[PDB]
file my_file28.cif (mmCIF, C-alpha atoms; chains and numbers go by the auth columns)
data_target
loop_
_atom_site.group_PDB
_atom_site.id
_atom_site.type_symbol
_atom_site.label_atom_id
_atom_site.label_comp_id
_atom_site.label_asym_id
_atom_site.label_seq_id
_atom_site.Cartn_x
_atom_site.Cartn_y
_atom_site.Cartn_z
_atom_site.B_iso_or_equiv
_atom_site.auth_seq_id
_atom_site.auth_asym_id
ATOM 1 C CA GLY A 1 11.296 -4.204 10.114 0.00 1 A
ATOM 2 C CA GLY A 2 11.608 -0.524 9.301 0.00 2 A
ATOM 3 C CA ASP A 3 15.389 -0.226 9.301 0.00 3 A
ATOM 4 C CA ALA A 4 15.781 -3.037 6.762 0.00 4 A
ATOM 5 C CA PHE A 5 12.976 -1.514 4.722 0.00 5 A
ATOM 6 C CA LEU A 6 14.855 1.767 4.384 0.00 6 A
ATOM 7 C CA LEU A 7 18.023 -0.087 3.391 0.00 7 A
ATOM 8 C CA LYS A 8 16.061 -1.920 0.659 0.00 8 A
ATOM 9 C CA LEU A 9 14.752 1.352 -0.690 0.00 9 A
ATOM 10 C CA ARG A 10 18.275 2.750 -0.805 0.00 10 A
ATOM 11 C CA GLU A 11 19.478 -0.308 -2.693 0.00 11 A
ATOM 12 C CA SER A 12 16.601 -0.254 -5.169 0.00 12 A
ATOM 13 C CA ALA A 13 16.246 3.526 -5.645 0.00 13 A
ATOM 14 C CA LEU A 14 14.771 4.717 -8.894 0.00 14 A
ATOM 15 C CA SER A 15 17.127 7.085 -10.679 0.00 15 A
ATOM 16 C CA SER A 16 16.691 10.043 -13.020 0.00 16 A
ATOM 17 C CA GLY A 17 15.491 9.063 -16.554 0.00 17 A
ATOM 18 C CA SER A 18 14.898 5.458 -15.451 0.00 18 A
ATOM 19 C CA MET A 19 11.558 4.968 -17.303 0.00 19 A
ATOM 20 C CA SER A 20 9.188 5.754 -20.124 0.00 20 A
ATOM 21 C CA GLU A 21 6.119 7.927 -19.698 0.00 21 A
ATOM 22 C CA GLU A 22 3.593 5.108 -19.978 0.00 22 A
ATOM 23 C CA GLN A 23 5.357 2.930 -17.429 0.00 23 A
ATOM 24 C CA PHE A 24 5.471 5.941 -15.100 0.00 24 A
ATOM 25 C CA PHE A 25 1.771 6.592 -15.494 0.00 25 A
ATOM 26 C CA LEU A 26 0.892 3.000 -14.755 0.00 26 A
ATOM 27 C CA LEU A 27 2.965 3.200 -11.547 0.00 27 A
ATOM 28 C CA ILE A 28 1.144 6.386 -10.608 0.00 28 A
ATOM 29 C CA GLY A 29 -2.153 4.600 -11.353 0.00 29 A
ATOM 30 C CA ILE A 30 -1.371 1.825 -8.873 0.00 30 A
ATOM 31 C CA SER A 31 -0.086 4.275 -6.304 0.00 31 A
ATOM 32 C CA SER A 32 -1.960 6.408 -3.783 0.00 32 A
ATOM 33 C CA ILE A 33 -0.142 9.540 -4.966 0.00 33 A
ATOM 34 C CA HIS A 34 -2.693 12.089 -6.065 0.00 34 A
ATOM 35 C CA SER A 35 -0.918 15.516 -5.922 0.00 35 A
ATOM 36 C CA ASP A 36 -0.556 16.874 -9.500 0.00 36 A
ATOM 37 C CA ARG A 37 2.500 18.830 -8.424 0.00 37 A
ATOM 38 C CA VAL A 38 4.405 15.803 -7.121 0.00 38 A
ATOM 39 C CA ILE A 39 3.279 13.713 -10.156 0.00 39 A
ATOM 40 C CA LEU A 40 4.706 16.325 -12.536 0.00 40 A
ATOM 41 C CA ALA A 41 7.877 16.571 -10.486 0.00 41 A
ATOM 42 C CA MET A 42 8.390 12.816 -10.528 0.00 42 A
ATOM 43 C CA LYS A 43 7.682 12.671 -14.272 0.00 43 A
ATOM 44 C CA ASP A 44 10.352 15.292 -14.896 0.00 44 A
ATOM 45 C CA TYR A 45 12.849 13.290 -12.777 0.00 45 A
ATOM 46 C CA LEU A 46 11.990 9.678 -13.670 0.00 46 A
ATOM 47 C CA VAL A 47 10.918 10.091 -17.285 0.00 47 A
ATOM 48 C CA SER A 48 12.523 13.287 -18.616 0.00 48 A
ATOM 49 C CA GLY A 49 15.816 12.742 -16.769 0.00 49 A
ATOM 50 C CA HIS A 50 15.969 16.114 -15.082 0.00 50 A
ATOM 51 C CA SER A 51 18.177 16.329 -12.041 0.00 51 A
ATOM 52 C CA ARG A 52 16.803 16.360 -8.522 0.00 52 A
ATOM 53 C CA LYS A 53 18.205 19.859 -8.134 0.00 53 A
ATOM 54 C CA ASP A 54 16.364 21.132 -11.220 0.00 54 A
ATOM 55 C CA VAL A 55 13.116 19.394 -10.333 0.00 55 A
ATOM 56 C CA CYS A 56 13.110 20.734 -6.799 0.00 56 A
ATOM 57 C CA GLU A 57 13.633 24.276 -8.106 0.00 57 A
ATOM 58 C CA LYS A 58 10.902 24.016 -10.723 0.00 58 A
ATOM 59 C CA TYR A 59 8.293 22.694 -8.331 0.00 59 A
ATOM 60 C CA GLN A 60 9.627 24.514 -5.274 0.00 60 A
ATOM 61 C CA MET A 61 9.973 21.240 -3.460 0.00 61 A
ATOM 62 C CA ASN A 62 12.141 20.395 -0.459 0.00 62 A
ATOM 63 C CA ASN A 63 14.336 17.325 -0.127 0.00 63 A
ATOM 64 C CA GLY A 64 12.110 15.587 2.427 0.00 64 A
ATOM 65 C CA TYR A 65 9.119 15.693 0.141 0.00 65 A
ATOM 66 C CA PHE A 66 11.111 14.781 -2.961 0.00 66 A
ATOM 67 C CA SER A 67 12.888 11.871 -1.246 0.00 67 A
ATOM 68 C CA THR A 68 9.711 10.551 0.413 0.00 68 A
ATOM 69 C CA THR A 69 7.860 10.580 -2.879 0.00 69 A
ATOM 70 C CA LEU A 70 10.707 8.958 -4.739 0.00 70 A
ATOM 71 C CA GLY A 71 10.778 6.278 -2.001 0.00 71 A
ATOM 72 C CA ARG A 72 7.055 5.595 -2.451 0.00 72 A
ATOM 73 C CA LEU A 73 7.589 5.035 -6.156 0.00 73 A
ATOM 74 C CA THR A 74 10.759 2.963 -5.545 0.00 74 A
ATOM 75 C CA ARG A 75 8.730 0.736 -3.191 0.00 75 A
ATOM 76 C CA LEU A 76 6.031 0.217 -5.784 0.00 76 A
ATOM 77 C CA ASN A 77 8.604 -0.462 -8.508 0.00 77 A
ATOM 78 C CA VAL A 78 10.299 -3.179 -6.383 0.00 78 A
ATOM 79 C CA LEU A 79 6.922 -4.851 -5.799 0.00 79 A
ATOM 80 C CA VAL A 80 5.970 -4.673 -9.455 0.00 80 A
ATOM 81 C CA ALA A 81 9.354 -6.081 -10.523 0.00 81 A
ATOM 82 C CA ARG A 82 8.829 -8.975 -8.098 0.00 82 A
ATOM 83 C CA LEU A 83 5.353 -9.519 -9.512 0.00 83 A
ATOM 84 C CA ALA A 84 6.429 -9.412 -13.165 0.00 84 A
ATOM 85 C CA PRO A 85 7.520 -13.068 -13.510 0.00 85 A
ATOM 86 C CA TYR A 86 3.951 -14.156 -12.612 0.00 86 A
ATOM 87 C CA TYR A 87 2.672 -12.365 -15.755 0.00 87 A
ATOM 88 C CA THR A 88 5.420 -12.936 -18.360 0.00 88 A
ATOM 89 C CA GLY B 1 -16.038 5.199 -18.170 0.00 1 B
ATOM 90 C CA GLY B 2 -17.241 3.630 -14.910 0.00 2 B
ATOM 91 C CA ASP B 3 -19.734 1.317 -16.609 0.00 3 B
ATOM 92 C CA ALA B 4 -17.077 -0.226 -18.906 0.00 4 B
ATOM 93 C CA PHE B 5 -14.667 -0.433 -15.907 0.00 5 B
ATOM 94 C CA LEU B 6 -17.202 -2.700 -14.114 0.00 6 B
ATOM 95 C CA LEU B 7 -17.641 -4.926 -17.182 0.00 7 B
ATOM 96 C CA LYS B 8 -13.848 -5.264 -17.457 0.00 8 B
ATOM 97 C CA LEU B 9 -13.602 -6.242 -13.785 0.00 9 B
ATOM 98 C CA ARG B 10 -16.157 -9.011 -14.295 0.00 10 B
ATOM 99 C CA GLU B 11 -14.200 -10.474 -17.182 0.00 11 B
ATOM 100 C CA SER B 12 -10.947 -10.236 -15.280 0.00 12 B
ATOM 101 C CA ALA B 13 -12.126 -11.327 -11.776 0.00 13 B
ATOM 102 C CA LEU B 14 -9.588 -13.263 -9.721 0.00 14 B
ATOM 103 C CA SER B 15 -10.497 -16.867 -8.832 0.00 15 B
ATOM 104 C CA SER B 16 -10.283 -18.721 -5.508 0.00 16 B
ATOM 105 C CA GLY B 17 -6.974 -20.652 -5.065 0.00 17 B
ATOM 106 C CA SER B 18 -5.293 -18.898 -7.969 0.00 18 B
ATOM 107 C CA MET B 19 -2.097 -17.488 -6.536 0.00 19 B
ATOM 108 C CA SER B 20 0.828 -18.206 -4.364 0.00 20 B
ATOM 109 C CA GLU B 21 1.229 -16.502 -1.034 0.00 21 B
ATOM 110 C CA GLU B 22 4.125 -14.503 -2.424 0.00 22 B
ATOM 111 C CA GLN B 23 2.084 -13.188 -5.383 0.00 23 B
ATOM 112 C CA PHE B 24 -0.826 -12.428 -3.044 0.00 24 B
ATOM 113 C CA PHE B 25 1.242 -10.437 -0.592 0.00 25 B
ATOM 114 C CA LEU B 26 2.915 -8.493 -3.330 0.00 26 B
ATOM 115 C CA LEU B 27 -0.506 -7.453 -4.660 0.00 27 B
ATOM 116 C CA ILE B 28 -1.615 -6.564 -1.101 0.00 28 B
ATOM 117 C CA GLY B 29 1.592 -4.608 -0.749 0.00 29 B
ATOM 118 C CA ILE B 30 0.767 -2.426 -3.741 0.00 30 B
ATOM 119 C CA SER B 31 -2.822 -1.992 -2.595 0.00 31 B
ATOM 120 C CA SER B 32 -4.283 0.457 -0.149 0.00 32 B
ATOM 121 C CA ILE B 33 -6.087 -2.378 1.707 0.00 33 B
ATOM 122 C CA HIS B 34 -5.541 -1.668 5.401 0.00 34 B
ATOM 123 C CA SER B 35 -7.891 -4.002 7.329 0.00 35 B
ATOM 124 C CA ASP B 36 -6.014 -6.992 8.855 0.00 36 B
ATOM 125 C CA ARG B 37 -9.145 -9.148 8.779 0.00 37 B
ATOM 126 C CA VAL B 38 -9.800 -8.187 5.163 0.00 38 B
ATOM 127 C CA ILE B 39 -6.248 -9.152 4.134 0.00 39 B
ATOM 128 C CA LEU B 40 -6.683 -12.509 5.871 0.00 40 B
ATOM 129 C CA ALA B 41 -10.054 -13.060 4.186 0.00 41 B
ATOM 130 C CA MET B 42 -8.572 -12.347 0.759 0.00 42 B
ATOM 131 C CA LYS B 43 -5.642 -14.657 1.520 0.00 43 B
ATOM 132 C CA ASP B 44 -8.024 -17.398 2.515 0.00 44 B
ATOM 133 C CA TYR B 45 -9.907 -16.961 -0.793 0.00 45 B
ATOM 134 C CA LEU B 46 -7.100 -16.299 -3.280 0.00 46 B
ATOM 135 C CA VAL B 47 -4.364 -18.493 -1.812 0.00 47 B
ATOM 136 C CA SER B 48 -6.056 -21.124 0.383 0.00 48 B
ATOM 137 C CA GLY B 49 -9.056 -21.697 -1.852 0.00 49 B
ATOM 138 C CA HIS B 50 -11.810 -21.006 0.739 0.00 50 B
ATOM 139 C CA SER B 51 -15.259 -20.091 -0.604 0.00 51 B
ATOM 140 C CA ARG B 52 -16.613 -16.508 -0.484 0.00 52 B
ATOM 141 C CA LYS B 53 -19.250 -17.716 1.968 0.00 53 B
ATOM 142 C CA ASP B 54 -16.542 -19.191 4.176 0.00 54 B
ATOM 143 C CA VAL B 55 -14.386 -16.065 4.332 0.00 55 B
ATOM 144 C CA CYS B 56 -17.269 -13.650 4.833 0.00 56 B
ATOM 145 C CA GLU B 57 -18.412 -15.699 7.821 0.00 57 B
ATOM 146 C CA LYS B 58 -14.964 -16.109 9.288 0.00 58 B
ATOM 147 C CA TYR B 59 -13.938 -12.491 8.976 0.00 59 B
ATOM 148 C CA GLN B 60 -17.266 -10.743 9.484 0.00 60 B
ATOM 149 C CA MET B 61 -17.551 -9.147 6.024 0.00 61 B
ATOM 150 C CA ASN B 62 -20.754 -8.396 4.162 0.00 62 B
ATOM 151 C CA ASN B 63 -21.077 -9.154 0.459 0.00 63 B
ATOM 152 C CA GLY B 64 -20.359 -5.626 -0.642 0.00 64 B
ATOM 153 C CA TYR B 65 -17.132 -5.558 1.361 0.00 65 B
ATOM 154 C CA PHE B 66 -15.992 -8.833 -0.113 0.00 66 B
ATOM 155 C CA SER B 67 -16.960 -7.967 -3.684 0.00 67 B
ATOM 156 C CA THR B 68 -15.404 -4.497 -3.490 0.00 68 B
ATOM 157 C CA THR B 69 -12.176 -5.876 -2.011 0.00 69 B
ATOM 158 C CA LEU B 70 -11.922 -8.579 -4.666 0.00 70 B
ATOM 159 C CA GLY B 71 -12.602 -5.853 -7.282 0.00 71 B
ATOM 160 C CA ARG B 72 -9.751 -3.741 -5.889 0.00 72 B
ATOM 161 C CA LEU B 73 -7.346 -6.663 -6.219 0.00 73 B
ATOM 162 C CA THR B 74 -8.696 -7.601 -9.678 0.00 74 B
ATOM 163 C CA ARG B 75 -7.985 -4.010 -10.872 0.00 75 B
ATOM 164 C CA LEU B 76 -4.425 -4.191 -9.483 0.00 76 B
ATOM 165 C CA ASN B 77 -3.877 -7.523 -11.125 0.00 77 B
ATOM 166 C CA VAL B 78 -4.908 -6.105 -14.529 0.00 78 B
ATOM 167 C CA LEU B 79 -2.638 -3.062 -14.061 0.00 79 B
ATOM 168 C CA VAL B 80 0.331 -5.111 -12.941 0.00 80 B
ATOM 169 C CA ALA B 81 -0.081 -7.361 -15.976 0.00 81 B
ATOM 170 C CA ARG B 82 0.070 -4.207 -18.158 0.00 82 B
ATOM 171 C CA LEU B 83 3.230 -3.101 -16.326 0.00 83 B
ATOM 172 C CA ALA B 84 5.010 -6.451 -16.562 0.00 84 B
ATOM 173 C CA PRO B 85 6.392 -6.051 -20.125 0.00 85 B
ATOM 174 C CA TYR B 86 8.442 -3.057 -18.915 0.00 86 B
ATOM 175 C CA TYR B 87 10.363 -5.407 -16.601 0.00 87 B
ATOM 176 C CA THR B 88 11.441 -7.716 -19.481 0.00 88 B
ATOM 177 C CA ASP B 89 14.742 -8.096 -21.375 0.00 89 B
ATOM 178 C CA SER B 90 13.464 -6.314 -24.500 0.00 90 B
#
call {"tool": "encode", "arguments": {"input": "my_file28.cif", "output": "structure tokens"}}
result
Amino acid sequence: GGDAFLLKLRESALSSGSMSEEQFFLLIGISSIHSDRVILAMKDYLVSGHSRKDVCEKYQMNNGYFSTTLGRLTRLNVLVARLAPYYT
Amino acid sequence: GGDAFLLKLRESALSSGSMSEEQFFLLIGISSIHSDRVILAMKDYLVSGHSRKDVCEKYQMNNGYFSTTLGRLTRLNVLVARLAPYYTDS
């Protein structure tokens, strides 16, 4: 259940600069994230390789919101990676 | 571009009995589909090969609910196929 879920997200966490812009936008497209602010923050982290510290300052974001959002994208990325062999 | 979006969905529509349970649940996982009966109806169609008529009867769905739900999964399938190259060795 939920405890093992959180451990999987820790183990699969997306890191700073881990993807291209178009990949990022496709993940956003599949997601239910719709806040422009948190989209731009996650693009700066995941695509541009800015640090969490810098991104939180720029978007005036707290760690709960940053970490939750990053976890939502990590979850989607794990599911998409598991789906990929059905399409390749 | 809503009109073209609908045409694309027709061309791309998922077939009955076309995916494994694992593939199905991964697509459900990415989706925002919440209804337990709707997930079971889509499983019965996409995995178990039941007809549309069969699932709509079993899970009390009207045609618009079925068609819309299948459309939601067809869109995700197209998008996941466009994401897949980014998970390759290249």
call {"tool": "atom_distance", "arguments": {"input": "my_file28.cif", "atom1": "atom CA of residue A:82", "atom2": "atom CA of residue A:52"}}
result
26.6 Å
call {"tool": "interface_residues", "arguments": {"input": "my_file28.cif", "of": "chain A", "to": "chain B", "cutoff": "8 Å", "atoms": "all atoms listed in the file", "output": "PDB file with C-alpha atoms, in the frame of the given file"}}
result
ATOM      1  CA  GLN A  23       5.357   2.930 -17.429  1.00  0.00           C
ATOM      2  CA  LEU A  26       0.892   3.000 -14.755  1.00  0.00           C
ATOM      3  CA  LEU A  27       2.965   3.200 -11.547  1.00  0.00           C
ATOM      4  CA  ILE A  30      -1.371   1.825  -8.873  1.00  0.00           C
ATOM      5  CA  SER A  31      -0.086   4.275  -6.304  1.00  0.00           C
ATOM      6  CA  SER A  32      -1.960   6.408  -3.783  1.00  0.00           C
ATOM      7  CA  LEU A  76       6.031   0.217  -5.784  1.00  0.00           C
ATOM      8  CA  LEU A  79       6.922  -4.851  -5.799  1.00  0.00           C
ATOM      9  CA  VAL A  80       5.970  -4.673  -9.455  1.00  0.00           C
ATOM     10  CA  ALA A  81       9.354  -6.081 -10.523  1.00  0.00           C
ATOM     11  CA  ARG A  82       8.829  -8.975  -8.098  1.00  0.00           C
ATOM     12  CA  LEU A  83       5.353  -9.519  -9.512  1.00  0.00           C
ATOM     13  CA  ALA A  84       6.429  -9.412 -13.165  1.00  0.00           C
ATOM     14  CA  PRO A  85       7.520 -13.068 -13.510  1.00  0.00           C
ATOM     15  CA  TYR A  86       3.951 -14.156 -12.612  1.00  0.00           C
ATOM     16  CA  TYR A  87       2.672 -12.365 -15.755  1.00  0.00           C
ATOM     17  CA  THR A  88       5.420 -12.936 -18.360  1.00  0.00           C
TER      18      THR A  88
END
call {"tool": "atom_distance", "arguments": {"input": "my_file28.cif", "atom1": "atom CA of residue B:5", "atom2": "atom CA of residue B:67"}}
result
14.5 Å
call {"tool": "residues_around", "arguments": {"input": "my_file28.cif", "residues": "residue A:44", "least_positions_apart": "2", "cutoff": "10 Å", "atoms": "all atoms listed in the file", "output": "count of residues only"}}
result
18
call {"tool": "resolve_selection", "arguments": {"input": "my_file28.cif", "expression": "the PyMOL selection byres ((chain A and resi 66) around 10)", "output": "ChimeraX atom specification"}}
result
/A:38,41-42,52,55-56,59,61-65,67-71
call {"tool": "resolve_selection", "arguments": {"input": "my_file28.cif", "expression": "the PyMOL selection byres ((chain B and resi 69) around 12)", "output": "PyMOL selection string"}}
result
chain B and resi 9+13-14+28+31-35+37-43+45-46+52+56+61-68+70-76
call {"tool": "atom_distance", "arguments": {"input": "my_file28.cif", "atom1": "atom CA of residue B:90", "atom2": "atom CA of residue A:14"}}
result
19.2 Å
call {"tool": "closest_residue", "arguments": {"input": "my_file28.cif", "among": "A:35, A:9, A:53, A:20", "to": "residue A:74", "atoms": "all atoms listed in the file"}}
result
A:9
call {"tool": "decode", "arguments": {"input": "my_file28.cif", "residues": "chain B", "atoms": "C-alpha atoms", "output": "mmCIF file, in the first residue's frame"}}
result
data_model
loop_
_atom_site.group_PDB
_atom_site.id
_atom_site.type_symbol
_atom_site.label_atom_id
_atom_site.label_comp_id
_atom_site.auth_asym_id
_atom_site.auth_seq_id
_atom_site.Cartn_x
_atom_site.Cartn_y
_atom_site.Cartn_z
ATOM 1 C CA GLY B 1 -8.223 21.807 -33.052
ATOM 2 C CA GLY B 2 -11.029 19.787 -31.444
ATOM 3 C CA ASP B 3 -12.436 18.566 -34.758
ATOM 4 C CA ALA B 4 -9.082 17.092 -35.894
ATOM 5 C CA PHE B 5 -8.577 15.633 -32.365
ATOM 6 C CA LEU B 6 -11.813 13.606 -32.814
ATOM 7 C CA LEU B 7 -10.754 12.354 -36.259
ATOM 8 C CA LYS B 8 -7.390 11.271 -34.812
ATOM 9 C CA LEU B 9 -9.132 9.393 -31.994
ATOM 10 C CA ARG B 10 -11.232 7.461 -34.507
ATOM 11 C CA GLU B 11 -8.168 6.361 -36.432
ATOM 12 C CA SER B 12 -6.349 5.407 -33.263
ATOM 13 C CA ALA B 13 -9.231 3.774 -31.290
ATOM 14 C CA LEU B 14 -8.241 0.886 -29.033
ATOM 15 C CA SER B 15 -9.707 -2.537 -29.893
ATOM 16 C CA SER B 16 -11.354 -5.151 -27.659
ATOM 17 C CA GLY B 17 -8.876 -7.808 -26.363
ATOM 18 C CA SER B 18 -5.832 -5.806 -27.393
ATOM 19 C CA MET B 19 -3.745 -5.525 -24.259
ATOM 20 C CA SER B 20 -2.407 -7.377 -21.332
ATOM 21 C CA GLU B 21 -3.668 -6.673 -17.857
ATOM 22 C CA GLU B 22 -0.347 -5.078 -16.994
ATOM 23 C CA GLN B 23 -0.486 -2.663 -19.960
ATOM 24 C CA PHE B 24 -4.129 -1.882 -19.161
ATOM 25 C CA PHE B 25 -3.493 -1.057 -15.532
ATOM 26 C CA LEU B 26 -0.529 1.085 -16.369
ATOM 27 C CA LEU B 27 -2.704 3.143 -18.733
ATOM 28 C CA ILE B 28 -5.425 3.350 -16.043
ATOM 29 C CA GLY B 29 -2.738 4.409 -13.616
ATOM 30 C CA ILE B 30 -1.764 7.386 -15.758
ATOM 31 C CA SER B 31 -5.395 8.299 -16.363
ATOM 32 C CA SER B 32 -7.745 10.331 -14.250
ATOM 33 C CA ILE B 33 -10.424 7.592 -14.487
ATOM 34 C CA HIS B 34 -11.812 7.237 -10.966
ATOM 35 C CA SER B 35 -14.964 5.073 -11.239
ATOM 36 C CA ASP B 36 -14.335 1.464 -10.068
ATOM 37 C CA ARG B 37 -17.113 0.132 -12.297
ATOM 38 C CA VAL B 38 -15.751 2.070 -15.266
ATOM 39 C CA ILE B 39 -12.246 0.635 -14.754
ATOM 40 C CA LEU B 40 -13.728 -2.867 -14.614
ATOM 41 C CA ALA B 41 -15.779 -2.236 -17.760
ATOM 42 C CA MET B 42 -12.704 -1.045 -19.650
ATOM 43 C CA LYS B 43 -10.738 -4.055 -18.393
ATOM 44 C CA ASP B 44 -13.463 -6.366 -19.579
ATOM 45 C CA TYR B 45 -13.344 -4.729 -23.040
ATOM 46 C CA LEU B 46 -9.622 -4.107 -23.551
ATOM 47 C CA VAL B 47 -8.179 -7.139 -21.767
ATOM 48 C CA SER B 48 -10.924 -9.792 -21.607
ATOM 49 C CA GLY B 49 -12.376 -9.128 -25.038
ATOM 50 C CA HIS B 50 -16.020 -8.509 -23.981
ATOM 51 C CA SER B 51 -18.220 -6.560 -26.409
ATOM 52 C CA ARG B 52 -19.209 -2.910 -25.791
ATOM 53 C CA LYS B 53 -22.802 -4.076 -25.405
ATOM 54 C CA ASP B 54 -21.718 -6.604 -22.794
ATOM 55 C CA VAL B 55 -19.753 -4.162 -20.644
ATOM 56 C CA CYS B 56 -22.320 -1.373 -20.809
ATOM 57 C CA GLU B 57 -24.966 -3.792 -19.552
ATOM 58 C CA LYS B 58 -22.799 -5.294 -16.858
ATOM 59 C CA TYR B 59 -21.528 -2.025 -15.465
ATOM 60 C CA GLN B 60 -24.522 0.229 -16.048
ATOM 61 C CA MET B 61 -22.884 2.649 -18.510
ATOM 62 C CA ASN B 62 -24.617 4.516 -21.303
ATOM 63 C CA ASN B 63 -23.037 4.780 -24.742
ATOM 64 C CA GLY B 64 -21.630 8.225 -24.171
ATOM 65 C CA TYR B 65 -19.896 7.091 -20.987
ATOM 66 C CA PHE B 66 -18.375 4.111 -22.719
ATOM 67 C CA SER B 67 -17.309 6.018 -25.828
ATOM 68 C CA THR B 68 -15.855 8.906 -23.819
ATOM 69 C CA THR B 69 -13.944 6.534 -21.532
ATOM 70 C CA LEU B 70 -12.536 4.578 -24.465
ATOM 71 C CA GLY B 71 -11.596 7.944 -26.055
ATOM 72 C CA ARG B 72 -9.739 8.973 -22.890
ATOM 73 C CA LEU B 73 -7.701 5.768 -22.973
ATOM 74 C CA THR B 74 -7.136 6.027 -26.753
ATOM 75 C CA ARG B 75 -5.682 9.556 -26.241
ATOM 76 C CA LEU B 76 -3.364 8.264 -23.486
ATOM 77 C CA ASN B 77 -2.265 5.402 -25.652
ATOM 78 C CA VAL B 78 -1.305 7.802 -28.476
ATOM 79 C CA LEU B 79 0.591 10.064 -26.043
ATOM 80 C CA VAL B 80 2.422 7.205 -24.389
ATOM 81 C CA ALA B 81 3.486 5.916 -27.802
ATOM 82 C CA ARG B 82 4.941 9.396 -28.506
ATOM 83 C CA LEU B 83 6.772 9.300 -25.160
ATOM 84 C CA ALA B 84 8.200 5.804 -25.597
ATOM 85 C CA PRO B 85 11.240 6.755 -27.747
ATOM 86 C CA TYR B 86 12.563 8.837 -24.823
ATOM 87 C CA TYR B 87 12.865 5.629 -22.778
ATOM 88 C CA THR B 88 15.119 3.919 -25.382
ATOM 89 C CA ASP B 89 18.892 3.304 -25.510
ATOM 90 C CA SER B 90 19.521 6.033 -28.103
#
